[PDB]
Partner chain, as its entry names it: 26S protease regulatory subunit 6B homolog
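A single chain, nothing else alongside it, follows as structure tokens in the form deposited without the partner chain.
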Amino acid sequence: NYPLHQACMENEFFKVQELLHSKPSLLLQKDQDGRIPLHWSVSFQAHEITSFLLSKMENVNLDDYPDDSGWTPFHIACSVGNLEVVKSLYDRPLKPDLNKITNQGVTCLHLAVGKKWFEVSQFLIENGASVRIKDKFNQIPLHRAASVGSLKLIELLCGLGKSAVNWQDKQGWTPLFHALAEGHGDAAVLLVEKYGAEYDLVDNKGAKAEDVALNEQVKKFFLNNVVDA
């Protein structure tokens, strides 16, 4: 059915070469998922196969090849977290639009952050990716960083990224709510003390951030370590 895509998934470089020789028009053929062979080689981190495919896609803009979900091969690369592959897709004459969103409104940075891929996230920010693009849920990357409780990512986003801190998603939750709800006390304190997050904001249900804390232990830690403003 889809010989080339499969060979890419299996990481069978010999077969990929064979197939492209007998059926060249398969290079940009879409899946039942709307994916071309490159999506799969990147998805499964087939480094050598990816470079081979790219050598034959010199004039192809990756932005032009979204999944049936809105994911281009660059979105997949950032989600997988292999910085080598990410750099490989970026350092081309035709570069991808770093702020391009999927069908759900998320960016490559949203994807990398939620998976806690620090190196990739940094690479994206250093190259111009905006940290203030909201998805369908009105969340920016910082909402995800607080959710997974990554102190490094929070520092990266708020420091180098100059990320906004008090933006509320559709539930009325700022990143601080997410840190506490998930039990990330140190992350909650960091946002408030170092980056000025406000903790007196209320939910779409009138709840304060301290009110959605995972434990009474987490709540106590938070209240005990934040200064009144």
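Numbering follows the first chain given and starts at 1.
Keep in mind that the form solved in complex with the partner chain is not shown, yet the notes after this line are about it.
Enquirer: Is the partner chain in the deposited complex near all of 63, 130 and 168, within 4.5 Å of a heavy atom of each?
Expert: No, none of the three is in contact.
Enquirer: Given that the partner chain is left out here, which of 9, 207, 20, 218 has a heavy atom within 4.5 Å of it in the deposited complex?
Expert: By the 4.5 Å heavy-atom cutoff, the listed residue in contact is 9.
Enquirer: Counting only non-hydrogen atoms, choose the one of 141-149, 154-162, 92-100, 119-127 that falls within 4.5 Å of the partner chain in the deposited complex.
Expert: Correct option: 141-149.
Enquirer: Report whether the minimum heavy atom distance between residue 52 and the partner chain in the deposited complex is within 4.5 Å.
Expert: Looking in the deposited complex, residue contacts with the partner chain do not include residue 52, since no heavy atom lies within 4.5 Å.
Enquirer: My question is simply whether residue 182 lines the interface with the partner chain in the deposited complex - judged by any non-hydrogen atom within 4.5 Å.
Expert: Yes, residue 182 sits close enough to the partner chain in the deposited complex that at least one of its heavy atoms falls within 4.5 Å.
Enquirer: Does at least one non-hydrogen atom of residue 134 fall within 4.5 angstroms of the partner chain in the deposited complex?
Expert: Residue 134: no, not in contact with the partner chain in the deposited complex.
Enquirer: Considering only heavy atoms, tell me if residue 58 and the partner chain come within 4.5 Å of each other in the deposited complex.
Expert: No, residue 58 is distant from the partner.
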